[PDB]
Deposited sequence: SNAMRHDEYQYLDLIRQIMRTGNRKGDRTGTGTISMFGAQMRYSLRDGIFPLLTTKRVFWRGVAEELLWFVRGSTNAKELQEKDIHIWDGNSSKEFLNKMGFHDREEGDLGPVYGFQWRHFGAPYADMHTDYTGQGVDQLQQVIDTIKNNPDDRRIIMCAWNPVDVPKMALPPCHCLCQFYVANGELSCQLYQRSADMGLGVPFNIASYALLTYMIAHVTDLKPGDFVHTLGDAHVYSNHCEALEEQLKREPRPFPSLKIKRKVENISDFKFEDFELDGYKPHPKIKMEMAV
């Protein structure tokens, strides 16, 4: 059975048995598994996913950036509404300049625990570089059961433009394969979840490449999994669609370090989503 049916089945289950809150319909606790083997890339097909946005945002997290203007320069506007000087003033951050998202993902992955000042501050050597730590552990002690990267930082969540949906991820190595599990506290099934699967499947492909392992599975765990009430009609139309075979992903060259990837290094072949 096509892996995308897990996603469609959960949407069907939520709309048919979920809890209505004043508007969403939700369920609590779900888990999906997507194979990443033999070049398979789980970019959902029953609706087009924003591949360019997935990859550019992930490269921006890997650089440790908290500056939304670096995404805007690449025509990525996912963090726009939360980076305006007007929105930042409404939250309570008065000396915060346009584009400064605060200590969001990039900062937590590269500098967890460092005191945040602004998006231009040199944080070199400050805090825990969890992304490099996971790479070092996968290479040196792959059976380790603490290969974790955490973005949910209770100290910093109030300083962020938005609290992170992707709380932590854990890696696992077996059979020459790298697997990843993501704990996502809040999942908009309609518009958020396909993008989120692609982000963490892509991070797994990147870390596998630089650790000389093959991608295994991406395990997606959800907390509050929900459908917005105004998307139900559109989702009933999407549930009529049969998933198309997933595209393949190849990395075009031997990339040495996780910081060395560029958008052009990815070759996404055969992506044929429904209209």
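Residues 1-4, 27-31, 285-292 of the deposited sequence have no C-alpha coordinates in the model.
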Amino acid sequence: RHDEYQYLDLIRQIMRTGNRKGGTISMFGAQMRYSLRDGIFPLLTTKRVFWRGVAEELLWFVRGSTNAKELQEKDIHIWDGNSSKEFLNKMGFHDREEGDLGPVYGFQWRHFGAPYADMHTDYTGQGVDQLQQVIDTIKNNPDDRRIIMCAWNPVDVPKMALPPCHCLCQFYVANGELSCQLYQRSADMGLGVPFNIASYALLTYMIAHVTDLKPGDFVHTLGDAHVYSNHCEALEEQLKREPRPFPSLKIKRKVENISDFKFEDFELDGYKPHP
From here on, numbers count along this sequence of modelled residues.
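In this crystal structure, the stretch out of 153-161 and 77-85 whose C-alpha atoms carry the higher mean B factor is 77-85.
Stretches 107-115 and 165-173 differ in mean C-alpha B factor, with the higher average recorded for 107-115. Of all the options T221, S26, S229, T66, the entry's greatest CA B-factor is assigned to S229.
Comparing the listed residues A201, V134, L101, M91, the entry records the largest Cα B-factor for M91. When the CA B factors of the chain's modelled residues are split into thirds, the value for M189 lands in the middle one. Placement of the Cα temperature factor of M32 within the chain: lowest third of the modelled residues, per the deposited record. Among the modelled residues of its chain, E56 has a C-alpha B-factor that falls in the middle third according to the deposited record.
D217 sits in the lowest third of its chain by CA B factor, as recorded in the PDB entry. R145 sits in the lowest third of its chain by CA B factor, as recorded in the PDB entry.
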